Amino acid sequence: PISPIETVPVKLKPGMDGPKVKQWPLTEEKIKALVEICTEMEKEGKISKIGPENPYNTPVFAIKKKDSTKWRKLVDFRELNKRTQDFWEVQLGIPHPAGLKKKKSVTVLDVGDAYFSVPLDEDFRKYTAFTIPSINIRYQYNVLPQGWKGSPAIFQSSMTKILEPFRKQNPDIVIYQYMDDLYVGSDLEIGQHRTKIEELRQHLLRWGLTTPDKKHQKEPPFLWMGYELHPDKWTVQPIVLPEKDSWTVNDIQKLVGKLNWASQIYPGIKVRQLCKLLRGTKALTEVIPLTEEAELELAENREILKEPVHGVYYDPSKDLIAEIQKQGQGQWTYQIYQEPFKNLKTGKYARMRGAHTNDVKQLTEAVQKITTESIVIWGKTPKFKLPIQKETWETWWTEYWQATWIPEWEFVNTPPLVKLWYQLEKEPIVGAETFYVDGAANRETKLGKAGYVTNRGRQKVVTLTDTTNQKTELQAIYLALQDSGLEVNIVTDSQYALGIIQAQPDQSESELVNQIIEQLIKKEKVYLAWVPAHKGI
Amino acid sequence: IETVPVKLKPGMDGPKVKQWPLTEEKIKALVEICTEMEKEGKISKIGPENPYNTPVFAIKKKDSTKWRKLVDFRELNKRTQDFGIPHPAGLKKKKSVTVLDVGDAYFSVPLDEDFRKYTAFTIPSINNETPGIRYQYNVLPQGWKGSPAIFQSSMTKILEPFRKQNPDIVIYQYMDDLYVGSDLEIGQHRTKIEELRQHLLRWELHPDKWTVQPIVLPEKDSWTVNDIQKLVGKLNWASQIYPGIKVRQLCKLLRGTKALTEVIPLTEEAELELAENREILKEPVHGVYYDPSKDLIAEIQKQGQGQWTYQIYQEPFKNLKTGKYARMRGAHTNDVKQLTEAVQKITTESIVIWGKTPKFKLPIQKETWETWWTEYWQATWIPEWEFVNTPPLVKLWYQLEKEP
Ligand SMILES: CC(C)=CCOc1cc(NC(=S)c2ccoc2C)ccc1Cl
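These protein sequences, in sequence, are chains A and B.
FYI, in the entry's author numbering the residues of the first sequence are 1 to 136, 142 to 542.
FYI, in the entry's author numbering the residues of the second sequence are 5 to 87, 93 to 212, 233 to 433.
The following block contains the structure:
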């Protein structure tokens, strides 16, 4: 059935013209079917015949429904879609379960073939020209065509208008459109709810939009991209891991993919040894001998995934609480809840060390990421429970070179606490050895020397094969740190070292930097100073 | 009224910037504000057939507890054609200036039909449970560059009387704001401002006090190897600005593997060299002149303890102005607050002085900034910015700025 709604003006992108592709030759059976089917929607007014005044054409296909029984049709709009204008956002984001609120009842109204109910822009219609050839009849769409770029866009806005009055009339009823499904929830008593649904159904019917009756309507639980939605709680469908005897590269990858998704809900899941089987993989279908370490790991993961998890929905009248935990260097797990242990959402992040960072900086980044997803989901920011002392945060941020911040938070004594691994002295140490370190290397030959000399007479130097200047400088610093006692003063002219003085990183991409880092941590008191190069010093 | 045809620069297309997530609190504020404007015919709902978009958000000014809608037309403005438009070099000398929000005036004037599409903006929804509410302007939009331009005529008329009867007062219009400066003492100034308000209805700053501060060098009774080392480093780098600065005589004292704590007596030669350097530092470098055809740039450096330093320049080391900034009372626990405030004051000065907004180089991670800048913004305009890594040397230098 067609509807009396204002068509949305659709034009082809500036400078382009309608489709003109060839029509495939078909079997008499594929033709018979298309003739019959097309005559059907023809009588319905969905499609109208056209003459030679239309030079456009789209390829029509015929595919039997699941397993060669009755015949169905398909139109390949690929080209037309390329020439059609762009519309605004189709779905600017999906509602995450943790952002929903509980309802006494929810019903989904499949407005199925409503696409063919909304009238297309009359002018544009011509571009939808297609043909049913003989073995040895032209048509065009008068309504939104299945597969056409603009259909979903137009269809959505249409439903929006049509529903505007019903929503106003019923501000206690929640509707949510997704594709051709209409999710409607409420907190009314079942009988009342049933009534309003019908009223809605009739309101839609008033615009030709046919919808199924109670006898043919779907109901909860609702499978929503991973979650199993219930009117009072959402559930995570326990993930199944196939116990194979022979594994291929491809298989391992897909496995790790599913496992990595799981880790958000089930922290504890590990894939280190499983990822290790990919090293040097020559082909996607090559078989890999599962290392016992991987067997133990894969097994432990199945136990974890045995216990299904279910949580609660958002309660607007309650505060939001976000707690974070560091599982390892650069790994943080967080869970957001309103009532302790009654989780809304959980998650984790893996931070590739990158250039040079420190745990507090990483904590900061977690806090940041969380704050953002919260705003998108709940429209507000959580109060944070962070495994770090107010003293530590204060010391670090007040002197850090970059602007940084953490919203209202509260320390939670849940080990392991994140702390400052070391802190360079602000002024030279009295009664401490002074190492004047320096390193240089021939850029081209990759050959260098790293060394130092102390005010206490101590000296050293090393020749380095296959090194770079930046490395040499750092190596010098490493040596000074190795041969020095608990207290050390080190002067260098390395501009790169200036980075450490400022950022004081406790993790880096460079293994060498890390060596220095470990040494710095071991020291009681270190004072690092920089002096300009090629001068008197 | 009859509308002037506005167009995009040739070959350009409308902005298609995505909306940032907004808090419940401000989504509400916007919906309310927009339903009202819609009734008043300022804006209209649009369909998906319009693909353009521009970010929107709400802020409350200090001394204001009522939400005010703000749009990010930066992208559009950049694509909107240029169009006579003055800047009084005397406003920079006034004893006092007052900023005025004349944004409302624009809503009276209609916007050319064909350009309206390009002003599309979207009110989002919490958890995407509802489609975005799409609107577009029908009248002149606040924060757009074309608006002050087209309203120019009407504006000059309205002001001419106050102008002719008070040629001793300077009035400058930069977008939604009007800067009124006078040398008249606070009494007459404030009263004359209130009068000017009424004049408009019917239809505190201090400009040169912003004196560039010199770089002061430390003074000790006795200097240590470390002290000298720090000093020499500062100067060596500083020679990029003042080439007359020498550091050899001092560097000479630094020869030898001495302990950093070792006390060193200055040679009469070194003493001179230093005294001479202080002299050169007593005043800003010669040869720096503003070029209206080049972009203005502002660098900011977190100095800790609530202090921040900045430099406005067009070419590196050739600074037009430099200054320090102490955090406002209230932001005692957060940088983002202090930074935005700083950004705002600096942009203002740039306006007063050159009538142009500086491109900022901010010492902050993009994410941190994007997430919270709106929460503290209180200006009708939005300047350009990029995120950078503060070089240790440039920081140590400006740290040495003179104070009262
Ligand atoms: C996202 C989605 C599939 C919603 C329908 O399923 C549920 C939704 C809710 N709660 C809300 S607030 C709702 C219901 C219809 O539309 C909305 C926005 C609760 C339980 C289920 Cl099972």
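Backbone N, C-alpha and C define an ideal beta-carbon position, used for all residues, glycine too.
Check                                                                                                                            : Outcome
Of the listed residues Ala288/B, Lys374/B, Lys249/B and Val245/B, nearest to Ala267/B (C-alpha basis)                            : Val245/B
Rounded separation between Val108/A and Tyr181/A - CA only                                                                       : 9 angstroms
Below-7 angstroms beta-carbon distance, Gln407/B vs any chain A residue                                                          : no
Range of the contiguous beta strand (DSSP E) that encloses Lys173/B                                                              : From DSSP, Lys173/B is part of no beta strand (DSSP E) but of the alpha helix (DSSP H) over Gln161 to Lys173.
Neighbour flag for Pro243/B against chain A, beta carbons, 7 angstroms                                                           : no
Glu297/A to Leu234/A span [Cα, whole Å]                                                                                          : 38 angstroms
The region 381-390 of chain B / the region 317-330 of chain B touching (three or more Cβ pairs under 8 angstroms)                : yes
Chain-ordered chain A contacts of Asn265/B [CB-CB under 8 angstroms]                                                             : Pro537 and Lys540
Chain B within 7 angstroms of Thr497/A, Cβ atoms only                                                                            : no
Cα-Cα separation, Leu533/A to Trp410/A                                                                                           : 27 angstroms
Short CB-CB distance (under 7 angstroms) between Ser156/A and chain B                                                            : no
7 angstroms Cβ cutoff, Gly93/A in contact with chain B                                                                           : yes
Counterpart residues of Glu328/A in DSSP-defined beta bridges                                                                    : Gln340/A and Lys390/A
Beta-carbon neighbours of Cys38/B, restricted to chain A and to distances below 9 angstroms                                      : Neighbours of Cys38/B on chain A: none; closest Cβ ~15 angstroms, over 9 angstroms.
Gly190/A: CB within 6 angstroms of a non-hydrogen atom of ligand 1                                                               : yes
Contact check, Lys46/A vs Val148/A, beta carbons under 7 angstroms                                                               : yes
Closer than 6 angstroms: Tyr181/A CB and nearest ligand 1 heavy atom                                                             : yes
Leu425/A Cβ short of 6 angstroms to ligand 1 heavy atom set                                                                      : no
Other residues of its chain near residue 546/A: CB distance less than 6 angstroms, five sequence neighbours each side excluded   : The requested residue 546/A is not part of the displayed model; chain A covers only 1 to 542.
Heavy atom of ligand 1 within 6 angstroms of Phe171/A beta-carbon                                                                : no
Neighbour-count burial assignment, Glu378/B, 16 or more Cβ in a 10 Å radius                                                      : buried
Cβ-Cβ distance between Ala129/B and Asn81/B below 7 angstroms                                                                    : no
7 angstroms Cβ cut-off: residues of chain B touching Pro433/A                                                                    : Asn255, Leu289 and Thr290
Bridge partners - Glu415/A, DSSP secondary structure assignment                                                                  : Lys390/A
Exposure of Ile380/A, with buried meaning 16 or more beta-carbon neighbours within 10 Å                                          : buried
Residue-chain proximity (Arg211/B, chain A), Cβ-Cβ < 7 angstroms                                                                 : no
Rounded distance between the beta-carbons of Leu120/B and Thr7/B, thought under 8 angstroms                                      : 7 angstroms
Neighbourhood of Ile37/A by C-beta distance below 6 angstroms, restricted to the same chain and skipping five residues each side : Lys73
Beta-bridge pairing of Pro119/B - partner residues as DSSP gives them                                                            : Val148/B
Any 3 or more C-beta pairs closer than 8 angstroms across the region 24-40 of chain B and the region 163-182 of chain B          : no
Any beta strand (DSSP E) of 3 or more consecutive residues that is wholly inside the region 212-238 of chain A                   : 227-229 and 232-235
Ligand 1 heavy atom lying under 6 angstroms from the CB of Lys101/A                                                              : yes
Through-space distance from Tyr271/A to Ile309/A, alpha-carbon basis                                                             : 7 angstroms
The region 446-464 of chain A: positions lying closer than 8 angstroms to chain B by Cβ                                          : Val458, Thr459 and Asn460
Nearest neighbour of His198/A, chosen from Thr216/A, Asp185/A and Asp177/A [CA to CA]                                            : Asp177/A
Integer-rounded CB distance, given that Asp498/A should sit under 8 angstroms from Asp443/A                                      : 7 angstroms
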